[PDB]
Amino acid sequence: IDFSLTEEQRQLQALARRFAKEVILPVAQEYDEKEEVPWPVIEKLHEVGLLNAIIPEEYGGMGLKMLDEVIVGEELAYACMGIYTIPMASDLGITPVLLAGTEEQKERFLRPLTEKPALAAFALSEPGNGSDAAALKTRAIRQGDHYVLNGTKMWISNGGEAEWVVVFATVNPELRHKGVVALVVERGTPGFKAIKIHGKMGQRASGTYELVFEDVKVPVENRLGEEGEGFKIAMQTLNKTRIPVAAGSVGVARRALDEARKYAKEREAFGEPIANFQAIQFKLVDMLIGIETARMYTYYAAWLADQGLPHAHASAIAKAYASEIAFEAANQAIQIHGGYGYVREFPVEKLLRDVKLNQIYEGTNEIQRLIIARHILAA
């Protein structure tokens, strides 16, 4: 057994950390408040080579592995989870094509994402259904050399900025999970509207959209895998992408520990740094306990995935656990700042608003638990 990073990983880690501190950390507050996408950051990401870096070297990417994503993710999310959600969501949309796409499609859909500041998206959730990929309403009717796509997708990260979206739709409701098909819908395709969602509690920098497909014609050359394989694709993707959500959570929790501690040492009350008080020390200790345990289990999950081993249960545990300790951590970080923790003039407040989302998207912690329960009760 070994839990050590290789020389390259440390390099990637340092790079990531360097980028977060110098580029993300400074504008985090700005975009959270304007609720606009920091394109200049995305551009900066691309230039430093960390945008869509999971794309194999054969198509221009770094071929970064899950362990690598975890390494980078924790660093980015540390500066801002909302901004980190942009590249994270992009890797999510990329995942289906990596798993099901052919060499032709990989080259076609992935090349444009390594050459310039471009994003990919994953559209599964809908207005009336976000937790059951077996009851999706968006319909795809095969009509010759193309599918006629009709339906509304909801809460799509990178929805309006992406070059294309992996849309999961049903070709037959009665077939339920077996009726799902994966389709790549490109940004200009006629009858494809993107409406931006506003007024979110956090991760405001990340762009979330409602996507409307009106008689959208999507070529069969844009289908990932075969009809009836859409569900398995969405599930296999989520089993992996949930790990980065766990990684991000860890990053937010770490950022909460850093702020809290720096404040605890400097701020005094009753003639002494509050850090000297045992009640405050224990809050800080509990943060580190969750952080340390969540990161190690997140690394283990990434390891399993990178080894081709079963990891649905592990990533579900990592995602639910990390996001939960990360939320408690931000809550206490605010508490430790006192009145100053309640205003955006300080960073702890935004941490709470950001991290809460990690308990909801890419599957709520309840279905995460439902996933674990299954693994447990299975025979």
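Throughout, we count residues from 1 along the sequence that is shown.
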| remark: Quick note on 361-369 and 21-29: per-entry mean CA temperature factor is higher in 21-29
| remark: Comparing mean C-alpha B factor in the record for 286-294 and 230-238, the higher one is 230-238
| said: Quiz for you: based on the deposited Cα B-factor, which of 85, 249, 281, 131 is highest? | reply: 131
| task | Going by the CA temperature factor in the entry, name the top one among 200, 217, 261, 254. | result | 217
| note | So, residue 122's CA B-factor, relative to its chain, sits in which third? The middle
| request: Taking the chain's C-alpha temperature factors as the reference, tell me which third residue 324 falls into: lowest, middle or highest. | output: lowest
| remark: Of the three thirds of the chain ranked by Cα temperature factor, residue 244 occupies the lowest
| task | Taking the chain's C-alpha temperature factors as the reference, tell me which third residue 341 falls into: lowest, middle or highest. | result | lowest
| Chain thirds of CA B-factor: placement of residue 207 | middle
